[PDB]
Amino acid sequence: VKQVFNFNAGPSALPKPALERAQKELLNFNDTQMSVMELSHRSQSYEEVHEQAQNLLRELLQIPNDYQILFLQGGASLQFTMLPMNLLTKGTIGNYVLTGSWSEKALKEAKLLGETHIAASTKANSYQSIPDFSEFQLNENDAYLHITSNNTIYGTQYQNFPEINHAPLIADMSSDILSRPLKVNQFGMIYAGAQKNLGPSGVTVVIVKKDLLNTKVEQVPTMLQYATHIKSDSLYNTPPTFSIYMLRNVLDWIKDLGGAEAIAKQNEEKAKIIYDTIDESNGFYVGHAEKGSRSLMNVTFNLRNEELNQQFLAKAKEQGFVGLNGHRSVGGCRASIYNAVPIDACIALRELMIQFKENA
Amino acid sequence: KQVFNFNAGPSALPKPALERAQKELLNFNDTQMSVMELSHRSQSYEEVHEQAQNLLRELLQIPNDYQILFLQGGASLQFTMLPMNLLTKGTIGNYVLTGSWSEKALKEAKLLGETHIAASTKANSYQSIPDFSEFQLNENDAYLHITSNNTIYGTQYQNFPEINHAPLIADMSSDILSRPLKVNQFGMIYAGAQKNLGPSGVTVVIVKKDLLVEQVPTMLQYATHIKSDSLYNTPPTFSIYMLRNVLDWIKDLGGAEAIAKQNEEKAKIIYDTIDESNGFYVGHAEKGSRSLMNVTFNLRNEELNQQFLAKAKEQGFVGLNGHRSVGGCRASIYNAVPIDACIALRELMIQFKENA
Ligand SMILES: *Cc1c(COP(=O)(O)O)cnc(C)c1O
Ligand SMILES: *Cc1c(COP(=O)(O)O)cnc(C)c1O
Ligand SMILES: [Cl-]
Ligand SMILES: [Cl-]
Ligand SMILES: [Cl-]
Ligand SMILES: [Cl-]
Ligand SMILES: [Mg+2]
Ligand SMILES: [Mg+2]
Ligand SMILES: [Mg+2]
Ligand SMILES: [Mg+2]
């Protein structure tokens, strides 16, 4: 039929081969004559999938052996409270770097549970950049330092990560995990809802330094202890089996295209097509982020006024573009260009942007 | 290539629901995207989300003063979310123990507040549901919690107690929507979808609205999800999609009364087989408490138990091993397990007995 260009911000485009693979075996997985959705998570067929998803992640991000990979339910949002529930103990401080709305949501949940601090913030200038690591106010009693690697709503992204030695560095990487190589040992824990760059909604990937968190925290509900899930290899209660399966399939695809290093090359190229379009528009399009902080995953911009914003977005939707409206809290436009968004979608968007500009 | 899916959780699903999912997996509702590729704030997703709620409301005849929530974390997270929200100081989380899942729920409540055992058949290894006249209730109960179907022990409430001093709360994970329900008897009902309603990954919570909070984490307040119609954060969109599909299948076959007829016939096949076996197969549950959802039984000794389960597996039956905690055998016959599978099981049971 007509063209569809999927710029959805979460859940988002999946790589076709992962979907085609799921479709072909949906009724009969691994010759069992059952859907993977109909299997016991204690079955060897499911356990294979569960272990393979872990091993693919390990290999792709080169995760060290003293880290474990958890598959949890509840989304990144649940991690906002689970993290301080496990690590924010009395006398300690949950220290946050604010670089957008998701950072503020994380902070808010720690405030419910303990002492918090703000190490640095670009909130005053509306989160157009990542603050300089030299401006980080650190405390000796910090339980951790928490960052948001990619600020999904504002379109900014860490280019590199701080060296932290007084507390564990924690990162919400929901919208850029496995979009590039990562030195995992810079962190105590990384978490990401899978639905932006790793697959389907319904599972949350948590990579954790085992010894920081494999111990029982007195007074914490069993399901909310990291220890529970570490000990049981994320099989304490019933896992989201189809989501983990689809995550596996997506990881296989990333591996098949050459891994994190290759996908970073693709992601820089797609991003460049859009930012060059903005940058050659003589101010017709204005990117939210400062240039040194531009996200490779979520491109945020405005036209010169709200009327043009609306006409642009209406025209896009009529031409087959999906998900370009900015987050409801900030307006404007947002082109989400996660791993699986194809480059010809980006070229299509550029064409839209240039004809709209020329004909305005 | 014969396979009979008696898995206890996750479990068999209706073929039409899986076939429908397969067919549109790449192009949902002419959007040219998978349902998995849609934004949860899209109208496309929002209609699916609401359709799943609507079908549950219709099929269980849920009154307007109840809300239907779709949450993550399984029934296991409900074990702690419930007392987190309702077990206020000076009140008591009162539990009726009818199996090990009952025990797991009570344990989480003990973390958060005062608890109590209204009644328990544990001493007799959970062979039955206690008589309601035996319940010990308290003026300051925050709730009375029951497990409607005791998945590991094979017993099930035939009916529910009339409780007016506090909300009745029920873990219906392994029998929700296997028969008609009077939802007005309850303040809350919860169930992981993965036994009777859909794949794993979503938990259905039916809650009396006005029933349910300073200092509880945002994600763990029922009010958060009620207020946001379970769209506060990203829901498990594919699992809710599949739940919708399963609910359409149940509606199509005639609803909760029709599926009860099928379920009673399935359980009748197995229990008759056991009862007519002259003690060769022995059911764990007392007759009056027999579950229609999980049929638990053993052979006369462990070696015959093992020979049977081995023979079953060779013949294509999946999931019949009993829970590790109790051993024996367990035939899970949730909604989507077809009558033909139970007939096959019967025929295997009868042949095995003859050939022993
Ligand atoms: C979308 C998003 C979240 C929310 O994730 P849920 O799975 O919806 O809880 C949190 N952090 C970031 C950076 C996100 O982009
Ligand atoms: C299976 C089951 C549970 C556990 O559900 P999860 O989704 O695995 O947490 C709880 N209660 C009952 C009655 C069950 O059968
Ligand atoms: Cl943000
Ligand atoms: Cl977002
Ligand atoms: Cl039980
Ligand atoms: Cl069970
Ligand atoms: Mg490969
Ligand atoms: Mg193409
Ligand atoms: Mg119909
Ligand atoms: Mg008879």
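Below, all heavy atoms of this structure are taken into account, side chains as well, without hydrogens, waters or symmetry copies. So you know, we letter chains A, B, ... as the sequences are listed, proteins then strands, and number each from 1.
Heavy atoms closer than 4.5 Å to chain A are found nowhere in B/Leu71, neither backbone nor side chain. B/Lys15 does not touch chain A: none of its heavy atoms, backbone or side chain, sits under 4.5 Å away. With a threshold of 4.5 angstrom between heavy atoms, A/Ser77 approaches chain B through its backbone and through its side chain. Residue B/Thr237 touches chain A through both its backbone and its side chain, counting heavy-atom pairs closer than 4.5 Å. Contacts between A/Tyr236 and chain B at a heavy-atom distance below 4.5 Å involve the side chain alone, from C-beta outward. Contacts of B/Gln194 with chain A are made by side-chain atoms alone, with heavy-atom separations under 4.5 Å and no backbone atom involved. At a 4.5 Å heavy-atom cutoff, the contact between A/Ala13 and chain B is made by backbone and side-chain atoms alike. In this structure, chain A has heavy atoms under 4.5 Å from both the backbone and the side chain of B/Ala21. Only the backbone of B/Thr31 has a heavy atom closer than 4.5 Å to any heavy atom of chain A. Interface remark: A/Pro84 contributes no atoms to any contact with chain B (heavy atom separation under 4.5 Å). Looking at A/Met34, only its side chain comes within 4.5 Å of chain B, counting heavy atoms on both sides.
Across B/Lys23 and A/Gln23, no two heavy atoms sit closer than the pair O-NE2, 4.0 Å. The two atoms that bring A/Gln219 and B/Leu111 nearest to each other are CA-CD2, 4.3 Å, heavy atoms only.
For A/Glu318, the CD atom sits in a packed shell: over 12 heavy atoms of surrounding residues, nucleotides or ligands are nearer than 6.0 Å. Summarising the local packing, CD of A/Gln44 is surrounded by 12 or fewer heavy atoms from other residues, nucleotides or ligands at distances under 6.0 Å.
Contact of the A/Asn8 side chain with the B/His40 side chain is not registered, since no non-hydrogen atoms from C-beta on lie closer than 4.5 Å. Using a 4.5 Å cut-off on side-chain heavy atoms (C-beta onward), A/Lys108 and B/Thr218 make contact. At a threshold of 4.5 Å between non-hydrogen side-chain atoms, the residues A/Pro221 and B/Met81 do not count as touching. At a threshold of 4.5 Å between non-hydrogen side-chain atoms, the residues A/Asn6 and B/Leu38 do not count as touching. Annotation: side chain of A/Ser201 is not in contact with side chain of B/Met36 (no heavy-atom distance under 4.5 Å). The side-chain heavy atoms of A/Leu19 and B/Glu37, taken from C-beta on, include a pair separated by under 4.5 Å. Using a 4.5 Å cut-off on side-chain heavy atoms (C-beta onward), B/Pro10 and A/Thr238 make contact.
Per-residue counts of heavy-atom pairs under 4.5 Å with chain B were compared for A/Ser243, A/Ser43, A/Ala340, A/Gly202; the largest is that of A/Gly202. Note: B/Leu13 leads B/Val318, B/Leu13, B/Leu77, B/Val202 in heavy-atom pairs under 4.5 Å with chain A. In terms of heavy-atom pairs under 4.5 Å with chain B, the best-connected choice from A/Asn237, A/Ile244, A/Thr81 is A/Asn237. Put simply, of A/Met246, A/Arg42, A/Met223, the one with the most heavy-atom pairs under 4.5 Å next to chain B is A/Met223. Counting heavy-atom pairs under 4.5 Å between each of B/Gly73, B/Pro235, B/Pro236 and chain A puts B/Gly73 at the top. Considering only heavy-atom pairs separated by less than 4.5 Å from chain B, the leading option among A/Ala9, A/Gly10, A/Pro200 is A/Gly10. Between chain B and the residues A/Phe242, A/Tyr46, A/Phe80, the largest count of heavy-atom pairs under 4.5 Å involves A/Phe242.
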Check the pair A/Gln3, B/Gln32 against side chain to side chain contact (heavy atoms under 4.5 Å, CB included), reporting the backbone distance first and the verdict last. CA-CA 9 Å; A/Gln3 56 207 192; B/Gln32 292 195 28; over 6 Å; no
